[PDB]
Each structure stands twice: as C-alpha cells, then as structure tokens.
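One chain comes next, on its own, written out as structure tokens in the form solved without 5-hydroxymethylene-6-hydrofolic acid (THF).
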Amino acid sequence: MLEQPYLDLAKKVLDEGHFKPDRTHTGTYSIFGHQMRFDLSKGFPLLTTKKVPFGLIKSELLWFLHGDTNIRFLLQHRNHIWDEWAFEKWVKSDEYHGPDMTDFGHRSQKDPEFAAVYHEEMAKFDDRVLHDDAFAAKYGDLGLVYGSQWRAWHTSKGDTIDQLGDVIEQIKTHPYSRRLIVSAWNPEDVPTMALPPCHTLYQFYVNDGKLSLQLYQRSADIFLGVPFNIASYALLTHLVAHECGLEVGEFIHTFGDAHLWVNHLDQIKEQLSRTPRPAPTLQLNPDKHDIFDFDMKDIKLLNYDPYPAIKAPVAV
C-alpha cells in the first residue's frame, strides 16, 4: 500500500538502529542513509494508519510558498507549528517583563505549574502578533526560514534571489535539466541558527511528461516529524506539477540521520499493528494556475479516513 515504506522505515529502525544519545538526555535509535519512493499517481501519501492534520501542513507550505517569514500568517490559520522559535526571541529581549521562562522547553513539561504561566505568556504573545503590527514586525518575523531561503536567498552583492520561481521557469523552458535544485542550506548562516534547516535541498526531474522530486532530509524524527514531511513535499510536487502543466511522478525521500526518540517506542509499535487503508486523493483548483497565489480553498483532500490520532509526548 502507498504508505508501506513509512512502516518499513519504522520497523527497520526498530530492529536495526543503534542507541545514540544525541542533542539530549533522552536517547534515540538511529540509522544513517535511507531512501523511499511514493508513486504519486497511486494516491496522496497522508498516513492512514494515524490521523495527521492536513490543514496544518498546507497552511505551512503556502506560507513557505509566499516567501513569508512572519508567524502572523500562521496564527491566522490556527497554525502554531512555529510559535516556539518566535516567542523564544521575545523572551530574551529587553522589552520582556515577565516570569523568566528560562528553558521552558523542558521546564514546561516537568513543572505543571510553570507549564500554565507558559500558555499564559504564549497566548498573550500570539495575540499581540495578531493585533500589533509593529510587534509582529519585530518579533513575529523569523528571518532565516524556508520561505526566505526558497524565495529570497541573500546574495553577497546584496541582492536577493528567488531560487524556487527561477527553477520553476527552468522547468518550463528546460525540463530535461539536471540542474533543478533548491537548497535551504547557507553555510554563512548555518552556524548561528537555532535550527539549521532539516530539509536541506531538493531536486526536480522530468521525464515522459511527469514530474518527480527528491528530498534530502538531514535529520528526521520518524514518529512525529516524518509523517508531516512526507505530505509537505508530495504537496509541493503536486503544486509545481500543476503550475508547469505536467503530470505527477514520484516523491523520493532520502535521509541522512533518521531517528526514533526512545519515548516513542510504544506509540510506534501500536501503529505498526494497524492495517493501512486505501490512500486519499488530492484535488487542485483547476482554474487557478499561479501557485504562488494559491489559497487554502484551492487545495482539497478527498477520502481520507484514518485511524485515530496517537498522542505522544514531544522530544525533551
């Protein structure tokens, strides 16, 4: 079934990864170097063996696609994926007068008091970003994130390059190009980033009037992260195909470090005992073609009928 390579990656890490106690005090199982395809003509790979929220994934890809780096657009779709990194900024600023919120990463997952003055300051933070333009401009804006990496990569000559729109125009004029590459990885920023990008670069390819894409993902959370990563790039592959008048081919997912936090063993095992369902179907608005000016309503999921969601603690 469409999603099986996903369940094969999980199983593979379960009985072959090594214990590697990295970035934290937790531990992981880990493999290095893996690859899996999905034939996108067979259906859209949104995992049916567990409920994944499509709205979150599409509202974030559009954000990237408009080249936007400000959280406000996300909060306006009840998308909180990125609040942490913005709010963190806030928290170490001079204009900040409140509970010291040092290491709320862990601290809001132990202390259950703390973790309530935490959705305190956040709800308060998010709200100001929604309403106060200058605050939004000051702390709502991440700076180095996919949207500006893809569409506004800073040159040294001090201009700004739109890799993604240049590449798309290359696909129309020279589809047989072996050079259709978008990279999110700038070595002059990379050492001072709180998150050097996980999705490092991708490559398009066309043959027989079909578009494929291959993603090199440097580091991957098999349980929480990869389910999302997959639908995100398979969606991009549909948008680009749609804009270039092309058919859709495969999405190829290549990994460097792929891991499973040990706090997730039970949850992944439960999942591995479910039987995939037939995959959902994507539907794009046939009248609109300029994919940079796409809206939520222009992208539809059909026949998604997952098993229930699986709550699981996030990585500390």
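In this text, residue numbers run from 1 along the sequence as written.
Same protein, other form: the form deposited with 5-hydroxymethylene-6-hydrofolic acid (THF) bound, not shown, and the subject of what follows.
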{"property": "Whether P175, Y205 and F292 all lie within 4.5 angstroms of 5-hydroxymethylene-6-hydrofolic acid (THF) in the deposited complex by heavy atom", "result": "no"}
{"property": "is_contact(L195, 5-hydroxymethylene-6-hydrofolic acid (THF)) in the deposited complex, heavy atom dist at most 4.5 Å", "result": "yes"}
{"property": "4.5 Å heavy atom contact, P53 and 5-hydroxymethylene-6-hydrofolic acid (THF) in the deposited complex", "result": "yes"}
{"property": "5-hydroxymethylene-6-hydrofolic acid (THF) contact in the deposited complex: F73, any heavy atom under 4.5 Å", "result": "no"}
{"property": "Proximity of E88 to 5-hydroxymethylene-6-hydrofolic acid (THF) in the deposited complex, heavy atoms at 4.5 Å", "result": "yes"}
{"property": "Contact assignment for 5-hydroxymethylene-6-hydrofolic acid (THF) in the deposited complex, among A152, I81, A136, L201, heavy atom within 4.5 Å", "result": "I81"}
{"property": "Candidate from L130, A115, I161, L224 lying within 4.5 Å of 5-hydroxymethylene-6-hydrofolic acid (THF) in the deposited complex - any heavy atom", "result": "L224"}
{"property": "Location of 5-hydroxymethylene-6-hydrofolic acid (THF) contact in the deposited complex, chosen stretch of 240 to 248, 206 to 214, 152 to 160, 224 to 232 [non-hydrogen atom, 4.5 Å]", "result": "224 to 232"}
